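Protein chains in written order, with UniProt numbering: chain V, 1 to 196; chain X, 4 to 236; chain B, 9 to 241; chain G, 2 to 205; chain L, 2 to 248; chain Z, 30 to 241; chain U, 4 to 232; chain F, 60 to 259; chain C, 2 to 233.
Note that the Cβ used here is the ideal one computed from N, Cα and C, for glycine as well.
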């Protein structure tokens with residue numbers, strides 16, 4: 001399956017995802033990106049059914065950029081998250097659902113970092129740390145065991161290291177290189193990938 | 004003044020003026036003719052060119068293997084009506100594996116042309132046709148006017164200056180039933196010549212001929228293919 | 009008052025006549041048909057120096073083997089061009105063949121005149137297109153040149169002139185052109201007539217020229233290539 | 002079943018000039034907790050609230066849509082809704098989707114705006130009102146809550162006794178429900194004040 | 002039928018929409034409206050025209066309307082078109098709230114309504130809405146705000162404005178006696194009482210031929226209020242006393 | 030209620046330097062019974078094209094009527110008769126218009142190209158088509174293809190020059206393969222119909238096959 | 004198809020003229036009255052038929068909407084019938100959604116909003132009627148008026164129709180906020196009498212009331228009794 | 060069925076087999092599984108043959124319209140997004156399509172993979188079909204970006220030959236293509252029997 | 002639905018609705034545009050501060066895409082409608098083509114929308130004229146002007162609106178390679194040209210400047226006054 005993980009800090013928000021695009025016993029790509037850049041300060045990580053994910057992500061991204069360009073100011077993380085949730089829910093019971101599981105991140109001048117969890121049934125949640133896919137079963141307990149509300153940013157990278165290395169050890173699939181990214185008051189930065 | 008602005012506004016004399024203006028549009032077009040014998044039906048037409056470098060406008064079209072028309076008036080309306088006729092004939096073949104009887108096609112044509120002249124804002128079909136066909140009842144010639152009123156003629160001549168043509172036709176109506184195909188075509192050409200304006204003769208560049216008969220699909224003669232028919236006049 | 013679809017006491021749709029008047033406001037365009045090819049020449053009519061002459065797209069290609077030259081309004085053509093192109097491509101899709109010239113002219117002609125006010129569409133067209141086009145291209149039948157008018161009336165022409173100076177241009181084209189021209193001679197005569205009409209002195213910057221030949225696809229003359237022809241012109 | 006997808010429970014009780022309404026906190030997908038900070042009881046008036054157990058997507062959607070309708074109503078009439086009108090409103094909202102319903106079983110609790118006379122009621126997932134004078138339950142641990150309410154309920158209880166009783170029932174019905182729990186959040190509604198307390202609840 | 006058509010949506014021979022011009026001509030006779038943006042509030046001051054001894058008192062107001070928790074607007078023109086526009090505004094606010102779970106910013110809203118109005122004056126064949134609006138609100142983007150709209154669909158932010166009867170005179174004093182950025186809510190209310198006293202030349206402020214609104218932020222949340230009779234009359238007494246001392 | 034029913038029949042076309050042959054049997058069957066005995070599967074489209082249809086008979090009939098109408102429409106509009114490539118492309122489009130309720134018909138076109146040579150096109154029921162030198166379709170496709178590959182194609186045979194396929198050898202091979210198909214296939218074998226497309230026109234020849 | 008263009012359009016002076024003409028028709032009808040007593044609300048109009056051949060009971064002008072709110076008009080008849088039907092339908096829709104009796108202010112708002120639509124819609128003309136509604140909602144009386152323009156007004160006491168200006172003068176003279184129901188209905192009966200052109204027989208006027216007990220028309224014997232004084 | 064395509068220093072190569080099957084019966088050994096969208100775009104056919112051909116031909120018509128409107132050629136990314144948006148309107152409705160789009164854009168040689176389930180990605184090397192797994196090993200071991208033109212030809216031919224050998228549903232002839240700045244060319248069409256003779 | 006033909010032909014071939022649309026366009030504040038070596042600049046005229054309007058809610062130069070901007074002259078509501086429509090189409094282009102939009106593409110789109118409303122049923126033509134400026138991906142400077150008839154051209158320097166003939170004559174006499182060499186010389190050229198209609202300047206003008214990657218530049222009043230002075 002696909003994998004997502006997000007850890008939120010007092011100032012930043014750390015996000016990651018795998019770079020594989022397998023399709024029936026064959027890893028068709030090694031440098032794939034599951035991360036969409038909503039705005040200059042909001043991101044979107046998307047995994048789900050092949051084909052639905054990119055369509056839904058591009059729709060939301062287009063709408064948010066059009067908002068920002070129509071108004072002069074960008075949407076907030078929480079407003080964007082609720083907009084996306086509303087669209088997913090509205091499509092849930094129609095003739096064409098989207099099978100998408102999302103991790104949204106963003107920064108705001110006042111509220112601070114925003115990590116937003118959302119499943120494919122259109123349930124939204126705000127959590128200090130979240131995950132998706134099958135890898136969530138082998139990395140969530142670690143996040144519980146070595147996570148504190150004030151955790152420093154470097155400690156956050158180390159904690160994610162624990163998670164990815166456990167996923168190497170005990171999981172069944174192969175996730176040889178991951179994406180990592182951090183949003184803060186100064187925009188978004190792409191950190192170098194955790195690989196083996 | 005105010006009784007000739009819409010097609011739904013009866014004039015105090017029991018006349019709709021728009022329909023009459025459409026008739027006028029049909030009368031301003033170039034001349035055309037139709038004939039029927041006991042064996043064939045022949046259309047004879049007179050195309051004209053806007054300038055000396057432009058071609059002469061086509062004015063005979065195909066509908067089916069057993070029907071043909073010859074237009075006189077706004078082309079676009081003629082094209083629309085050709086579309087309608089061809090679709091009807093094809094539907095008859097698809098459903099009934101059989102040629103559409105001509106009379107029925109002319110009836111559908113009349114009914115289709117009737118709707119415009121009774122609704123507000125729509126305008127009459129500004130085109131005049133001369134349908135030639137060959138059904139199980141034999142040869143037929145019909146005429147259609149913008150008012151949805153079709154006529155079962157044995158010979159006619161619509162268009163500009165067409166009245167001298169009609170005079171010649173009514174002059175020799177006795178022979179048409181017994182004539183050969185050649186004599187019939189020569190009668191038609193001769194009348195359409197009566198229409199021409201004095202110092203202007205029939206040429207390969209301004210004539211087209213259509214024919215349908217017992218064992219002969221509808222065929223169009225034009226350009227040098229018409230020379231065999233013209234040579235003899 | 010006086011609906012769009014109304015017939016004058018002569019038998020002419022008023023809107024059509026007024027649309028035919030708008031073609032005189034347009035610049036002058038020429039087209040000549042020869043065995044070796046067909047050429048289009050038009051006048052860009054640079055109002056003020058401050059505007060890029062290259063930004064007046066007043067000749068476009070419909071397909072690799074078709075060309076179009078227009079006169080009238082800038083804005084009215086755009087939809088007719090898109091229709092012509094999508095029809096050409098549709099034909100290629102279905103039949104894997106190249107859409108002929110008469111057929112694309114016919115489709116564009118039908119798309120004209122389907123205007124009205126009552127029971128058409130949520131946003132159908134209202135007034136007739138006020139533009140006169142020139143289609144020229146090479147088909148299975150050889151070089152072709154077709155002329156279109158707001159009335160949905162199209163005819164294949166040997167040489168035609170459309171636009172503000174269409175009269176006089178036509179007398180010239182008629183005196184010069186013969187049945188055995190050459191493509192280059194056609195470019196020369198066309199450029200000379202254009203020079204004779206334009207108010208401004210002819211230069212490579214304030215015209216466009218295009219030819220289509222059996223071998224080469226529709227070709228646009230380049231600034232240097234234009235200078236090369238104009239110098240001896 | 003569908004209701005068991007996300008678990009959850011709600012409760013409401015009555016007393017002498019007071020009403021209480023409680024709901025758990027867990028939010029998960031089948032057998033995995035996702036957060037312990039999920040909100041289910043939604044503010045709806047000065048002393049009127051609403052709880053929704055069932056599908057989380059549906060809880061959130063219904064809450065937002067009902068707030069939409071009530072906002073418009075109050076702004077068009079210039080008066081707060083009264084509990085009975087709210088109950089009928091939700092009944093029409095749920096019943097509009099009789100074929101393809103929302104999967105929630107709302108419970109309402111709030112004093113009247115004028116006489117402050119208690120009022121609780123519960124609704125099916127297709128809009129069946131049920132007004133009681135003692136209590137109403139809903140969620141996945143409904144039977145445990147009936148067992149507790151029947152034994153621990155007595156009439157005309159002051160706010161202290163009422164809060165104790167409702168908290169005890171809520172805690173003791175969760176411990177025997179495997180897919181609902183990890184925190185209980187209580188609202189006690191009186192004429193003047195509103196009290197919100199969180200109880201020490203097993204996190205297993 | 003073209004005979005009876007009015008052509009309410011077609012250009013005149015100088016590029017001016019006549020139905021729009023007449024619509025704006027209707028407004029210049031309804032009650033006056035005033036805008037004043039303070040540094041700690043916003044305030045609407047329109048005149049109560051329904052001045053009869055046999056009318057009843059109902060609702061919290063008669064010309065001020067709430068649109069959200071954090072927004073209100075006053076109307077000048079036709080009463081019925083006013084009601085229609087108010088309803089659509091309320092719907093817009095709730096639709097934004099449902100999509101984003103955030104209160105609708107103020108220019109979000111004003112431009113949504115004006116877009117409806119403009120579209121209405123662009124195609125359709127109807128008469129345009131003969132209403133001009135004044136709004137007030139707060140949002141985290143620009144703070145206290147004061148907008149205005151017209152039958153055309155144009156709006157504008159105004160530090161102080163006047164739409165309705167005697168608009169020229171009211172805006173003339175408002176230009177003469179506005180301290181840009183140097184106005185408390187109390188001073189703005191006093192300026193309103195003065196300007197209106199001028200404009201409502203019929204008698205003097207009876208404390209009953211007037212409507213006042215205040216929008217403030219209190220305890221972190223917006224609070225909207227319509228001034229009662231006692232405070233209004235006290236303000237008028239203070240105004241007359243100040244003018245008397247001045248002379 | 031099943032809307033389809035298999036109706037047997039086989040069809041075969043093989044292209045040459047200056048000719049094309051399309052041939053078919055004339056049996057119609059349903060289940061273990063036999064509807065008729067004079068139902069040819071090969072239909073004439075133009076003076077240089079023929080098409081054979083096999084499969085569900087109602088679909089075959091509807092499709093050939095649709096084809097005739099489309100061909101008439103095109104002639105009226107474009108003022109020329111279609112070519113074999115035009116009909117191939119048009120049929121690929123017609124068939125895919127029912128991807129989600131497909132025609133149960135196996136089509137194989139055969140005629141002359143614009144340079145005067147032979148052309149053969151084969152089709153899947155959903156539309157996919159390709160140009161080929163010989164193809165067979167229907168009930169006896171599997172037992173017909175290998176022999177054509179051996180004889181016309183000269184596959185698997187070494188030290189034999191690749192002689193061009195004359196018209197005589199083509200007619201013989203067609204007849205022989207149809208005899209064998211009738212011998213070992215219940216669905217076909219009632220009477221052989223051979224249409225020969227060439228520059229002069231289309232000829233028809235008939236040969237009797239064994240009834241049972 | 005139907006005309007898709009508005010027939011009421013602004014004039015150069017910015018006045019919707021057709022609405023003015025509808026108001027003229029209203030001002031040229033039969034008189035009407037309404038007062039808001041401290042403990043009830045009274046409507047009363049005049050129903051002077053044209054001959055002895057009209058059944059007074061055949062039709063009524065004072066009509067209820069629900070058990071607790073009703074209305075009367077002055078203007079044209081058929082328009083009043085249409086508006087009565089629309090009001091009853093809107094009341095029943097409100098009851099169906101909310102399961103509670105519709106408040107009078109809201110029913111007036113809704114009927115008026117229905118009245119605006121015909122000032123702007125396409126191919127239609129304004130209603131030539133003004134209504135008065137009476138209700139007893141929230142233990143409190145309500146009196147509203149609604150005109151062709153779609154505007155409504157809350158009234159303490161009003162009189163519309165022919166000679167309505169003089170009637171409003173009368174009522175301005177005779178309002179006393181501490182009034183009681185019987186006195187209010189008596190004062191109304193008088194106001195109609197201020198201009199009537201004949202003898203007010205029991206079968207030439209109508210009245211309807213509202214109180215806690217519920218809006219309900221007055222039977223003619225009751226009317227004669229009240230008219231006794 | 061086996062299709063193949065890889066970018067390298069000198070363009071993007073394309074190679075494919077030519078077998079069609081109907082169950083266990085070999086319907087044709089002369090299919091053209093390398094569709095020629097345009098002079099600058101190529102597209103392979105895997106899965107449903109009719110679907111691939113019809114939708115790729117629609118793409119060709121759309122691209123021609125675009126180049127005719129804007130006066131510039133479409134990119135590989137744009138063409139691929141157009142195909143993906145065209146097929147996503149039938150998710151779960153029974154389409155079978157697997158395609159690699161490849162050309163030479165303003166960003167250099169491009170290679171996008173598009174499926175009927177909606178996938179769309181770009182990559183250096185691809186291979187899709189039933190014999191894809193048998194070709195990926197040979198490609199991966201032999202593939203190199205700086206690989207020469209003759210070497211790239213050899214790698215493609217060997218990969219498709221090996222896929223044909225080990226796979227029951229792929230075979231026939233290996234067609235091979237080149238995509239360059241000027242446009243694509245066709246290199247060779249080598250029968251598998253001849254390749255067996257060469258490699259043994 | 003209202004289905005009357007608002008715009009209709011007239012004897013001598015005139016679209017009187019179109020003509021009246023441009024007559025409305027002639028009642029709007031002058032907007033100007035020039036094209037230089039590496040900078041484009043848009044210049045408008047503000048009617049009056051009025052000391053009470055909020056100039057933030059009155060903007061007259063707007064951005065359609067990060068690399069494309071536009072200025073109009075005519076009615077305001079129509080301008081707002083066209084701007085929103087263009088914004089939607091730029092974003093749709095980004096989503097579908099995955100490459101930045103180009104100035105000619107969006108100008109073509111806007112002109113097509115104007116033509117559509119000029120030939121549809123029950124629709125009044127837009128009385129607005131636009132000036133689109135920007136840089137394509139190739140980094141080439143561009144300037145297009147769109148009339149209410151649906152016609153567009155490319156320009157080196159055109160002025161649209163009130164007093165357009167005067168400003169166009171000024172630019173036509175003055176536009177030379179010398180005046181585009183220095184970005185300041187171009188900004189000052191636009192300021193000077195505008196200064197042939199407006200009165201006050203500094204507090205009676207707005208300016209806009211855009212560079213290759215540099216985002217839209219709004220010149221503040223103090224800097225604009227300094228630029229005029231340096232011109233002084």
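How about residue 66 of chain U and residue 87 of chain U: do their beta carbons lie closer than 7 angstroms? yes
Are any of the Cβ atoms in chain V nearer than 7 angstroms to that of residue 81 of chain C? no
Runs of alpha helix (DSSP H) lying entirely within the stretch 33–99 of chain X, each at least 4 residues, in chain order: 78–99
Assuming residue 168 of chain C is part of the alpha helix (DSSP H), what are its boundary residues? 165–175
Output, in sequence order along the chain, the residues in the stretch 26–58 of chain V whose CB is closer than 9 angstroms to any CB in chain F. 26, 28, 29, 30, 31, 32, 49, 50, 51, 52, 53, 54 and 55
Within chain C, partners of residue 92 of chain F - CB distance below 9 angstroms: Within chain C, no residue comes near residue 92 of chain F; the closest Cβ sits about 27 angstroms away, beyond 9 angstroms.
Closest Cα partner of residue 90 of chain U within the set U/220, U/42 and U/114: U/114
For chain C, find out if any of its Cβ atoms is closer than 7 angstroms to the Cβ of residue 1 of chain V; answer yes or no. No, residue 1 of chain V does not count as interfacial toward chain C.
With residue 85 of chain V and residue 124 of chain V assumed to form a contact (beta carbons below 8 angstroms), what rounded beta-carbon distance in angstroms separates them? Sure, about 4 angstroms apart at Cβ, within 8 angstroms.
What do you get for residue 144 of chain Z, buried or exposed, if any count of 16 or more other CB atoms within 10 angstroms of its CB means buried? exposed
Nearest by alpha-carbon distance to residue 53 of chain B: which of B/171, B/111, B/26 and B/240 is it? B/171
Report the neighbours of residue 58 of chain G on chain V: residues whose CB is nearer than 9 angstroms to its CB, in chain order. 85, 88, 89, 92, 119, 121, 122, 123 and 124
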